[PDB]
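Report on one structure; see the data block that follows.
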Amino acid sequence: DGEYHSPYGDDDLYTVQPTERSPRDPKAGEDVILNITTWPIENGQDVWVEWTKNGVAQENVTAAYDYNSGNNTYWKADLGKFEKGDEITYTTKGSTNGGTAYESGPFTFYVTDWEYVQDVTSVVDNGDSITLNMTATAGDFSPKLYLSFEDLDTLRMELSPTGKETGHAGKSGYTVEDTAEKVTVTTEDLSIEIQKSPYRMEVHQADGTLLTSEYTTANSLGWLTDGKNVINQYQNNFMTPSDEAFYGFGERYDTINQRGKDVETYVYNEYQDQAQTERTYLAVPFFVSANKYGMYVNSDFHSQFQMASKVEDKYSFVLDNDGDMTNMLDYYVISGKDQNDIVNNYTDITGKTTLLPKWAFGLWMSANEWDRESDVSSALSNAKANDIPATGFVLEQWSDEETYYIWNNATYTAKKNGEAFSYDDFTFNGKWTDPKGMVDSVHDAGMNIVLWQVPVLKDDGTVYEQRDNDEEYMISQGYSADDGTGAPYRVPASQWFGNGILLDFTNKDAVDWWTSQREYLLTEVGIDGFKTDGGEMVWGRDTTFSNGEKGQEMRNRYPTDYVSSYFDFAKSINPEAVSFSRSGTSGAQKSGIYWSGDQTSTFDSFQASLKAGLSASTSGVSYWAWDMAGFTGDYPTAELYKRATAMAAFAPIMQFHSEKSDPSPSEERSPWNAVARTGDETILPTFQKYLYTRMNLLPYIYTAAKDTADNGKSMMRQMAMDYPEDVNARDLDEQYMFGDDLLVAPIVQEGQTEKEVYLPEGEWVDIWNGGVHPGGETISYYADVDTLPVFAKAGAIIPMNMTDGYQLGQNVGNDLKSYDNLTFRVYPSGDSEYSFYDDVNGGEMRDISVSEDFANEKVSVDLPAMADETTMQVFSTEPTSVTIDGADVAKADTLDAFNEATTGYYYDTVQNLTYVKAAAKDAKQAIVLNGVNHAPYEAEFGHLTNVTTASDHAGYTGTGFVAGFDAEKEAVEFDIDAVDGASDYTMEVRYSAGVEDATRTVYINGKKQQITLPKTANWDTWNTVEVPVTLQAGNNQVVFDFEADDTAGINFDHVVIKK
Ligand SMILES: [Ca+2]
Ligand SMILES: [Cl-]
Ligand SMILES: [Cl-]
Ligand SMILES: [Mg+2]
Ligand SMILES: [Mg+2]
């Protein structure tokens, strides 16, 4: 028998327990209902409420029967409505036939209403902060809003509704113009305009361009209070035009543009249906707008961002508080040089990404079913047999599944009083007879290993000596959080690890103990980090932490305290250790890799993972991973597996994983098991191609990882992050930038082979074959299941680790200590510069510069001192000569001769790349390619009408030529760029015409001219004709037609644009 009521339940955002108060936090005019339970179900029960209003005893309120369920009766008591300032205290009671009474409480609530800023009554400029003294729309407070600058382009607002708290100092580099009606605050980057009556702020760039502004009708900034004991919420409201896009908010699975949605800053463990439920494990109260600003609400409390979800032209935030009247509202409006600089400024406030070792950027292998030494040995042998040079290895099913720091099957004498074990304390048996030796074998394969962990001490109600000993110690030492009554906090019973006790990561002594238990894994077993799973486990408003904070404030912070504690611990022992986690909030980026969690093997889930990575990127979480092709559900199709592999190889962290613990057949998402499960042997070479390409690009990828850590620029980025003004880029979620230079367009739709790719203005070159694609439109690219469209931007300098074959997709292995052939791929365009992070040679930054001067048929490369031989691969026509420091270097006729040479050059006619080899030297070297033009536009890559291609007459550039172009109605169209700006140019047409003179009609952006192509000696003889053309900015449509007045057959190799 009993009775129970608890007003907040578990404080869950999405559900209520059946014995809560509704509303949880009543405002003025809201009917308050109390839900109460009694048990068992029986006649003669009476339930009632004893209470006071402002200290005055009220008549008891009797509860009415609502419904029965299980062994319980549920009741509702109606307290009615209240006025702002009312203080209500109540106790719920139950008894049967006037017998024993059971009760809950007392519970108190303070009835609130909103008060807003009205006018600015005075301004005080203290030199490093500005105070705006204001009046309020209601109540008796004297609010103060403090303005300060975190930097000249980053504004901080701190509101004290009572005026009793003071804002923080910032930079002094600002000026103020204060008039009776308005105050304007100016820095070299911002112009902040503030109307005084009513108060309203507009944030502009220094040149006057509006970034964002408070809502038009003013009274935008407010707080929810009873006027005496409590401040429970804050809000501000802003004006937004119909086309404004909002990105970030942590890791989001539903959309990359949150306009139209209410976004909850609330961490949650949602399995498989994150997109549909709009939930996430990683929530951050920061967004970036394509209107060139970011907004960061500096609080760990839950907030709701209403992004034009209520009123078409308004966005708002509503920030919760625990009632403490001394907690100021603190938020930032962040500008910068560009969108990535906005993210950099955000990381100045919340923490920079910590650079991880290069091994983190190779392939990670994982499968939950790996639960014994023989599984590890077989995984290593399978990788070797299938030529998969991975660098990361994860074990999940490794422990006793009780303590989570002891190897499965190990025996030992249990320890009391929180004492830690050493390796020699264990007798290793069964599944793991020699963990240290197993780790050595993983290292010997060139891989690094991490072990799965959780932040909770498991308590399943079973007897297990060591766990029971640790639990008693942890509780009595005060190492858990407190439930609010002096008892240890436990995860709610219905949840993952329900009944488990959370380690209080705010308590340094608790953390030292917890990590001391795992110390031997790092010092003696030799592991390389931890997969710190979970963390979305703090419920309860009264849950109390050692830092004095409670559940509302700590729910979102807890996972990051957990993750960071482990990351820092592992690295203190092993400098090369890496964490792999899923949950966090602002600052998560400081502590390792984040993966997108638990998803199914479908194209819809693939689409959601990419949105999660792109939104996480904007939010400063750059080192992002996903379980390629899904970790659960029916085994992926060969198509999904292949499409996923390609995106995964071009994402920040590449990793496969599987959910099942003991399946038959195997559920491994490895390429060898994928071949086995689908019966499609072609999966292996396709996977190899993408893995080998990633390893060829590792020097570029790792430099990008460094740029994240140094400059806040995420590795994988949504298109609007690099092109905010481009209206076509605003909502794209099926392509992205990777590193500074590569536009990647994965196929994330089932059955798709015609991939649309939006190309921003500028020239884009297909990295696989040299196809040129002028930007400014959405192109169609035919991508079979093994193909991934990837393009390099104009001016790109891309370092690569190549074999003597010098093609993308050739295996260089997993040696992270040296390069095979360090190579720089260059797409010359004006003056470009690249800072390469040469980690192989001491982490020195090598500044490479390229100066394109095709008007004088030259491209110059300024190579700094290098420790290794270097090979340039420059996109161009074939040079007439190449000099290094003014001395000619020898032309090599074949790739073999090029490889044998110590210095020289070689021209790859298929790829239209000039290779230049320069020796290692302790000083800068000046390389100059002479007699070169922009690379040819191959006819075989053009848009063809009623003609085909072939490769049956030798001497063509590219892969062949257009053949059988010999009848009316046939045409070849090229999309061409002006090389050095809009101008007149000479278009060199290369063709063969073995039978007779030919003529064709050419249209340049619709302007007609006819050309004559003289007979060549035979079909094995090529000739060039020079045609004067006028080329403008952007894409030039160049059409070669065979009209009624044209004549004869030609083979058409390419066109070259020159001065
Ligand atoms: Ca050709
Ligand atoms: Cl004033
Ligand atoms: Cl020729
Ligand atoms: Mg800055
Ligand atoms: Mg080591």
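Within each chain, counting starts at residue 1; across the structure tokens, chains are named A, B, ... in the order shown, with ligands numbered 1 upward in that order.
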
Practice task
Determine, counting only C-alpha atoms, which protein, DNA and RNA residues have an atom within 10 Å of an atom of stretch 1022-1028 of chain A; residues of the same chain fewer than 6 positions away are not included. Present the result as a VMD selection string.
Solution key: chain A and resid 953 to 956 984 to 994 1002 1009 to 1016 1051 to 1059

Prev. selection, N, CA and C atoms, output as a compact mmCIF listing (two decimals), in the first residue's frame:
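As written to disk, again35.txt reads:
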```
# COMPACT_ATOMS: atom_id res chain seq x y z
N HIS A 953 43.21 5.43 -83.42
CA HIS A 953 44.28 6.05 -84.19
C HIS A 953 45.16 6.63 -83.12
N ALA A 954 46.44 6.31 -83.12
CA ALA A 954 47.31 6.75 -82.04
C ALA A 954 47.61 8.26 -82.01
N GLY A 955 47.98 8.74 -80.83
CA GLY A 955 48.47 10.10 -80.64
C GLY A 955 47.51 11.11 -80.05
N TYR A 956 46.32 10.67 -79.71
CA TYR A 956 45.31 11.53 -79.10
C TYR A 956 45.65 11.84 -77.64
N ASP A 984 39.33 38.02 -75.93
CA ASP A 984 39.48 37.27 -77.16
C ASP A 984 40.60 36.24 -76.91
N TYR A 985 40.42 35.04 -77.45
CA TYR A 985 41.36 33.95 -77.34
C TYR A 985 41.49 33.25 -78.68
N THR A 986 42.48 32.37 -78.76
CA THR A 986 42.65 31.48 -79.89
C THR A 986 42.24 30.09 -79.41
N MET A 987 41.31 29.46 -80.13
CA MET A 987 40.86 28.10 -79.85
C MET A 987 41.54 27.19 -80.87
N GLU A 988 42.42 26.32 -80.38
CA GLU A 988 43.13 25.35 -81.19
C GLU A 988 42.26 24.10 -81.32
N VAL A 989 41.90 23.73 -82.53
CA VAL A 989 41.05 22.58 -82.76
C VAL A 989 41.92 21.44 -83.30
N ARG A 990 42.01 20.31 -82.58
CA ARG A 990 42.83 19.19 -83.01
C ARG A 990 41.95 18.09 -83.55
N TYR A 991 42.25 17.66 -84.78
CA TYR A 991 41.39 16.75 -85.50
C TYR A 991 42.20 15.99 -86.52
N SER A 992 41.54 15.02 -87.14
CA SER A 992 42.07 14.30 -88.28
C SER A 992 40.99 14.29 -89.34
N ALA A 993 41.39 14.36 -90.60
CA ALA A 993 40.43 14.39 -91.72
C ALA A 993 41.12 13.72 -92.90
N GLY A 994 41.12 12.40 -92.87
CA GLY A 994 41.90 11.61 -93.81
C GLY A 994 41.47 11.59 -95.26
N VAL A 1002 30.54 26.67 -85.97
CA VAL A 1002 30.79 26.80 -84.54
C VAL A 1002 29.95 27.94 -83.97
N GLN A 1009 30.15 31.15 -86.45
CA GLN A 1009 31.25 31.30 -87.40
C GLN A 1009 31.48 29.94 -88.04
N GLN A 1010 32.02 29.93 -89.26
CA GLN A 1010 32.33 28.68 -89.94
C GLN A 1010 33.84 28.48 -89.94
N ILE A 1011 34.29 27.23 -89.80
CA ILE A 1011 35.71 26.93 -89.82
C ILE A 1011 36.04 25.86 -90.87
N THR A 1012 37.27 25.92 -91.36
CA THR A 1012 37.79 24.97 -92.34
C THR A 1012 38.88 24.14 -91.68
N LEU A 1013 38.77 22.83 -91.88
CA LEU A 1013 39.69 21.88 -91.29
C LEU A 1013 40.31 21.12 -92.44
N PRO A 1014 41.52 21.54 -92.88
CA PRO A 1014 42.13 20.92 -94.06
C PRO A 1014 42.37 19.42 -93.95
N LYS A 1015 42.30 18.73 -95.09
CA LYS A 1015 42.56 17.30 -95.15
C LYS A 1015 43.91 16.99 -94.50
N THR A 1016 43.97 15.89 -93.76
CA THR A 1016 45.25 15.40 -93.20
C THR A 1016 45.71 14.24 -94.10
N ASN A 1051 37.79 13.11 -87.22
CA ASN A 1051 37.95 12.57 -85.86
C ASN A 1051 38.36 13.80 -85.08
N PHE A 1052 37.84 13.97 -83.86
CA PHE A 1052 37.99 15.23 -83.11
C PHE A 1052 38.61 14.92 -81.75
N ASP A 1053 39.85 15.35 -81.56
CA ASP A 1053 40.57 14.98 -80.37
C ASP A 1053 40.27 15.86 -79.15
N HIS A 1054 40.41 17.17 -79.33
CA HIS A 1054 40.25 18.11 -78.24
C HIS A 1054 40.30 19.53 -78.78
N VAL A 1055 40.00 20.50 -77.91
CA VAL A 1055 40.29 21.91 -78.20
C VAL A 1055 41.15 22.46 -77.05
N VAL A 1056 42.05 23.39 -77.38
CA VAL A 1056 42.90 24.07 -76.40
C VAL A 1056 42.63 25.57 -76.53
N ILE A 1057 42.48 26.25 -75.40
CA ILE A 1057 42.27 27.69 -75.41
C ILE A 1057 43.60 28.34 -75.07
N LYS A 1058 44.08 29.23 -75.94
CA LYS A 1058 45.34 29.94 -75.68
C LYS A 1058 45.19 31.42 -76.03
N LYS A 1059 46.20 32.23 -75.71
CA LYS A 1059 46.13 33.69 -75.93
C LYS A 1059 45.62 34.09 -77.33
```

Quick one: which chain A residues come within 12 Å of ligand 2, and what is the nearest atom pair for each with the distance in Å to one decimal, counting only C-alpha atoms and all ligand atoms, rows ordered by chain and ascending number, as a Markdown table?
```
| residue | atom | partner | partner_atom_place_in_ligand_line | distance |
| --- | --- | --- | --- | --- |
| A:119 | CA | ligand 2 | 1 (Cl) | 11.5 |
| A:120 | CA | ligand 2 | 1 (Cl) | 8.1 |
| A:121 | CA | ligand 2 | 1 (Cl) | 6.6 |
| A:122 | CA | ligand 2 | 1 (Cl) | 3.7 |
| A:123 | CA | ligand 2 | 1 (Cl) | 4.1 |
| A:124 | CA | ligand 2 | 1 (Cl) | 6.7 |
| A:125 | CA | ligand 2 | 1 (Cl) | 9.2 |
| A:130 | CA | ligand 2 | 1 (Cl) | 10.9 |
| A:131 | CA | ligand 2 | 1 (Cl) | 9.8 |
| A:132 | CA | ligand 2 | 1 (Cl) | 8.3 |
| A:133 | CA | ligand 2 | 1 (Cl) | 8.6 |
| A:134 | CA | ligand 2 | 1 (Cl) | 10.6 |
| A:176 | CA | ligand 2 | 1 (Cl) | 11.1 |
| A:177 | CA | ligand 2 | 1 (Cl) | 10.3 |
| A:178 | CA | ligand 2 | 1 (Cl) | 6.7 |
| A:179 | CA | ligand 2 | 1 (Cl) | 7.5 |
| A:180 | CA | ligand 2 | 1 (Cl) | 7.2 |
| A:181 | CA | ligand 2 | 1 (Cl) | 9.5 |
| A:182 | CA | ligand 2 | 1 (Cl) | 9.3 |
| A:183 | CA | ligand 2 | 1 (Cl) | 8.5 |
| A:184 | CA | ligand 2 | 1 (Cl) | 11.8 |
| A:195 | CA | ligand 2 | 1 (Cl) | 11.9 |
| A:196 | CA | ligand 2 | 1 (Cl) | 9.4 |
```

With C-alpha atoms retained, write the just-selected residues as a short mmCIF file (atom, residue, chain, number, x, y, z; two decimals), in the first residue's frame.
```
data_model
loop_
_atom_site.label_atom_id
_atom_site.label_comp_id
_atom_site.auth_asym_id
_atom_site.auth_seq_id
_atom_site.Cartn_x
_atom_site.Cartn_y
_atom_site.Cartn_z
CA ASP A 119 13.42 51.50 -22.84
CA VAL A 120 17.09 52.36 -22.33
CA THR A 121 17.15 55.03 -19.63
CA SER A 122 20.94 55.54 -19.47
CA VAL A 123 24.15 54.24 -21.01
CA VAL A 124 27.45 53.93 -19.09
CA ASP A 125 30.56 53.32 -21.18
CA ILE A 130 28.89 49.07 -21.77
CA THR A 131 25.96 49.06 -19.38
CA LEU A 132 22.46 49.78 -20.66
CA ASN A 133 20.14 50.69 -17.76
CA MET A 134 16.58 49.87 -18.67
CA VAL A 176 30.34 54.92 -28.87
CA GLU A 177 28.07 57.62 -30.24
CA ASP A 178 25.34 58.24 -27.65
CA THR A 179 22.36 60.46 -28.48
CA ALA A 180 18.99 61.02 -26.85
CA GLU A 181 17.24 58.50 -29.11
CA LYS A 182 19.97 56.05 -30.05
CA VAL A 183 23.33 54.63 -29.13
CA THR A 184 25.70 53.26 -31.79
CA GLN A 195 17.28 52.50 -30.41
CA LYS A 196 16.47 53.64 -26.87
#
```

Fill in the blank from the handout: ligand 5 proximity check over A:443, A:1007, A:156, A:81, using only C-alpha atoms and all ligand atoms: winner is A:443

Exercise for the section: Please write out the residues within 8 Å of ligand 1 as a count of residues only, counting only C-alpha atoms and all ligand atoms. Expected result: 14

Exercise for the section: May I ask which of the residues A:93, A:730, A:657, A:550 is the closest one to residue A:324, counting only C-alpha atoms? Expected result: A:550

Practice task
Throw together the list of residues within 9 Å of ligand 4, counting only C-alpha atoms and all ligand atoms, and drop it here as a VMD selection string.
Solution key: chain A and resid 151 to 154 335 to 337 341 to 346 348 711

Pull C-alpha atoms from the residues just selected and write them as a compact mmCIF listing (two decimals), in the first residue's frame.
```
# COMPACT_ATOMS: atom_id res chain seq x y z
CA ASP A 151 36.87 40.23 -30.16
CA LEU A 152 36.27 43.14 -32.57
CA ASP A 153 33.89 40.93 -34.59
CA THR A 154 32.29 39.01 -31.71
CA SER A 335 30.80 37.78 -37.17
CA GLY A 336 34.06 37.02 -38.94
CA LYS A 337 36.00 37.20 -42.21
CA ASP A 341 35.95 32.20 -39.45
CA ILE A 342 32.61 32.47 -37.63
CA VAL A 343 33.11 28.84 -36.51
CA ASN A 344 36.69 29.68 -35.55
CA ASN A 345 35.46 32.52 -33.30
CA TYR A 346 32.91 30.16 -31.75
CA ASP A 348 37.69 30.64 -29.31
CA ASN A 711 41.74 27.67 -37.62
```

Taking only C-alpha atoms and all ligand atoms and a cut-off of 7 Å, can you tell me which residues surround ligand 5, written as a compact mmCIF listing (two decimals) with N, CA and C atoms, in the first residue's frame?
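Result file is pocket17.txt:
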```txt
# COMPACT_ATOMS: atom_id res chain seq x y z
N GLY A 526 48.60 -1.88 -23.16
CA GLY A 526 49.08 -1.06 -24.28
C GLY A 526 48.01 -0.50 -25.23
N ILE A 527 46.79 -0.33 -24.75
CA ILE A 527 45.74 0.17 -25.67
C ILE A 527 45.94 1.63 -26.09
N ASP A 528 45.20 2.03 -27.13
CA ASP A 528 45.35 3.33 -27.75
C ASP A 528 44.13 4.24 -27.63
N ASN A 574 49.31 7.64 -22.76
CA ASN A 574 49.66 7.34 -24.13
C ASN A 574 49.37 8.57 -24.97
```

Exercise for the section: Pick out the residues sitting within 7 Å of stretch 418-434 of chain A, and hand them over as a ChimeraX atom specification; count only C-alpha atoms, and ignore anything fewer than 2 positions along from it in its own chain. Expected result: /A:372-373,408-412,415-416,436-438,470,473,516-517,520,524

Practice task
Could you please determine the separation between atom CA of residue A:1029 and atom CA of residue A:972 in Å, to one decimal place?
Solution key: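 Rounded to one decimal, the two atoms are 16.6 Å apart.
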
Exercise for the section: Would you kindly return, as a list in words, each protein, DNA or RNA residue with an atom no farther than 6 Å from any atom of stretch 788-790 of chain A, considering only C-alpha atoms and excluding same-chain residues fewer than 2 positions away? Expected result: residues 743, 744, 745, 746 and 766 of chain A

Using the selection just defined, write its residues with N, CA, C and O atoms as an mmCIF file, in the first residue's frame.
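Output file result-v6.cif follows:
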```
data_model
loop_
_atom_site.group_PDB
_atom_site.id
_atom_site.type_symbol
_atom_site.label_atom_id
_atom_site.label_comp_id
_atom_site.auth_asym_id
_atom_site.auth_seq_id
_atom_site.Cartn_x
_atom_site.Cartn_y
_atom_site.Cartn_z
ATOM 1 N N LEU A 743 35.180 19.124 -54.016
ATOM 2 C CA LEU A 743 33.721 19.077 -53.987
ATOM 3 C C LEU A 743 33.378 17.611 -54.234
ATOM 4 O O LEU A 743 33.742 17.049 -55.287
ATOM 5 N N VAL A 744 32.764 16.980 -53.227
ATOM 6 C CA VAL A 744 32.394 15.571 -53.230
ATOM 7 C C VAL A 744 30.877 15.457 -53.356
ATOM 8 O O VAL A 744 30.144 16.136 -52.617
ATOM 9 N N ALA A 745 30.408 14.588 -54.264
ATOM 10 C CA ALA A 745 28.969 14.405 -54.505
ATOM 11 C C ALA A 745 28.536 12.952 -54.443
ATOM 12 O O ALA A 745 28.337 12.301 -55.470
ATOM 13 N N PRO A 746 28.393 12.416 -53.230
ATOM 14 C CA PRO A 746 27.991 11.021 -53.096
ATOM 15 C C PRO A 746 26.587 10.763 -53.607
ATOM 16 O O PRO A 746 25.754 11.663 -53.598
ATOM 17 N N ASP A 766 37.386 17.273 -62.639
ATOM 18 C CA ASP A 766 37.139 15.902 -62.180
ATOM 19 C C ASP A 766 38.508 15.297 -61.836
ATOM 20 O O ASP A 766 39.400 15.184 -62.694
#
```

Practice task
Just the helix (DSSP H, G or I) stuff from stretch 521-717 of chain A, please, per backbone DSSP, written as a PyMOL selection string.
Solution key: chain A and resi 521-525+551-554+558-573+588-590+603-618+638-649+671-678+683-696+698-711

Handout entry: 8 Å contact set for residue A:456, only C-alpha atoms, chain neighbours under 2 positions out, as a PyMOL selection string
Key = chain A and resi 454+458+497+500-503

Give me a file of those residues, with C-alpha atoms, as an mmCIF file, in the first residue's frame.
```cif
data_model
loop_
_atom_site.group_PDB
_atom_site.id
_atom_site.type_symbol
_atom_site.label_atom_id
_atom_site.label_comp_id
_atom_site.auth_asym_id
_atom_site.auth_seq_id
_atom_site.Cartn_x
_atom_site.Cartn_y
_atom_site.Cartn_z
ATOM 1 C CA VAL A 454 30.278 3.584 -20.425
ATOM 2 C CA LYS A 458 26.156 -1.464 -13.941
ATOM 3 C CA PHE A 497 21.646 0.782 -18.095
ATOM 4 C CA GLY A 500 23.058 1.797 -12.912
ATOM 5 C CA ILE A 501 24.961 4.404 -10.900
ATOM 6 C CA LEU A 502 26.525 7.309 -12.810
ATOM 7 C CA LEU A 503 30.110 8.294 -11.955
#
```

Exercise for the section: For residue A:707, work out the shell of residues within 10 Å, counting only C-alpha atoms and skipping chain neighbours fewer than 4 positions away, then give it as a ChimeraX atom specification. Expected result: /A:353,355,701-703,711-715,739-740,835-837

Practice task
Work out how far apart atom CA of residue A:115 and atom CA of residue A:228 are and give it in Å to one decimal.
Solution key: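 Result for atom CA of residue A:115 versus atom CA of residue A:228: 12.7 Å, one decimal.
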
Handout entry: Neighbour list for residue A:698 as a list in words, cut-off 9 Å, only C-alpha atoms, skip fewer than 2 positions in-chain
Key =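 Answer for this query is residues 358, 361, 362, 693, 694, 695, 696, 700, 701, 702, 703, 799, 800 and 801 of chain A.
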
Kindly save the residues from that selection, with N, CA and C atoms included, as a PDB file, in the first residue's frame.
```pdb
ATOM      1  N   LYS A 358      47.829  10.915 -36.803  1.00  0.00           N
ATOM      2  CA  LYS A 358      47.434  10.541 -38.160  1.00  0.00           C
ATOM      3  C   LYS A 358      46.731   9.188 -38.248  1.00  0.00           C
ATOM      4  N   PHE A 361      42.968   8.890 -38.888  1.00  0.00           N
ATOM      5  CA  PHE A 361      42.457   9.240 -40.215  1.00  0.00           C
ATOM      6  C   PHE A 361      42.527   8.135 -41.273  1.00  0.00           C
ATOM      7  N   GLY A 362      42.942   6.946 -40.849  1.00  0.00           N
ATOM      8  CA  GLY A 362      42.892   5.765 -41.690  1.00  0.00           C
ATOM      9  C   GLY A 362      41.600   4.998 -41.428  1.00  0.00           C
ATOM     10  N   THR A 693      42.565   5.264 -52.421  1.00  0.00           N
ATOM     11  CA  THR A 693      42.472   6.686 -52.731  1.00  0.00           C
ATOM     12  C   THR A 693      42.561   7.533 -51.468  1.00  0.00           C
ATOM     13  N   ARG A 694      41.869   7.115 -50.414  1.00  0.00           N
ATOM     14  CA  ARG A 694      41.972   7.859 -49.139  1.00  0.00           C
ATOM     15  C   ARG A 694      43.427   7.882 -48.647  1.00  0.00           C
ATOM     16  N   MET A 695      44.144   6.774 -48.805  1.00  0.00           N
ATOM     17  CA  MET A 695      45.517   6.729 -48.316  1.00  0.00           C
ATOM     18  C   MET A 695      46.395   7.564 -49.231  1.00  0.00           C
ATOM     19  N   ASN A 696      46.092   7.616 -50.531  1.00  0.00           N
ATOM     20  CA  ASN A 696      46.805   8.514 -51.459  1.00  0.00           C
ATOM     21  C   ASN A 696      46.587   9.978 -51.059  1.00  0.00           C
ATOM     22  N   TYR A 700      46.839  15.338 -47.657  1.00  0.00           N
ATOM     23  CA  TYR A 700      45.843  16.400 -47.765  1.00  0.00           C
ATOM     24  C   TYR A 700      44.835  16.322 -46.621  1.00  0.00           C
ATOM     25  N   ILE A 701      44.346  15.120 -46.332  1.00  0.00           N
ATOM     26  CA  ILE A 701      43.381  14.910 -45.279  1.00  0.00           C
ATOM     27  C   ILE A 701      43.948  15.299 -43.922  1.00  0.00           C
ATOM     28  N   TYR A 702      45.204  14.930 -43.653  1.00  0.00           N
ATOM     29  CA  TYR A 702      45.780  15.222 -42.362  1.00  0.00           C
ATOM     30  C   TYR A 702      46.102  16.720 -42.224  1.00  0.00           C
ATOM     31  N   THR A 703      46.499  17.385 -43.306  1.00  0.00           N
ATOM     32  CA  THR A 703      46.676  18.837 -43.266  1.00  0.00           C
ATOM     33  C   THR A 703      45.326  19.506 -42.931  1.00  0.00           C
ATOM     34  N   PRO A 799      48.358  17.747 -51.768  1.00  0.00           N
ATOM     35  CA  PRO A 799      49.439  16.802 -51.552  1.00  0.00           C
ATOM     36  C   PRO A 799      48.897  15.383 -51.527  1.00  0.00           C
ATOM     37  N   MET A 800      49.693  14.442 -52.052  1.00  0.00           N
ATOM     38  CA  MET A 800      49.292  13.049 -52.185  1.00  0.00           C
ATOM     39  C   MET A 800      50.474  12.145 -51.924  1.00  0.00           C
ATOM     40  N   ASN A 801      50.205  10.920 -51.484  1.00  0.00           N
ATOM     41  CA  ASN A 801      51.241   9.918 -51.302  1.00  0.00           C
ATOM     42  C   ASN A 801      50.941   8.869 -52.381  1.00  0.00           C
TER      43      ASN A 801
END
```

Problem - From A:3, A:402, A:270, A:482, residue lying nearest residue A:463 [only C-alpha atoms] - result: A:402

Practice task
Determine which residues of stretch 92-255 of chain A receive a DSSP assignment of strand (DSSP E), computed from the backbone, and state them as a PyMOL selection string.
Solution key: chain A and resi 92-96+101-110+113-125+130-136+144-151+154-160+175-178+182-186+190-196+199-205+210-214+222-225+231-239+246-250

Practice task
Measuring atom to atom with only C-alpha atoms, identify which of A:1040, A:305, A:641, A:107 is nearest to residue A:603.
Solution key: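 Closest to residue A:603 of all the choices is A:641.
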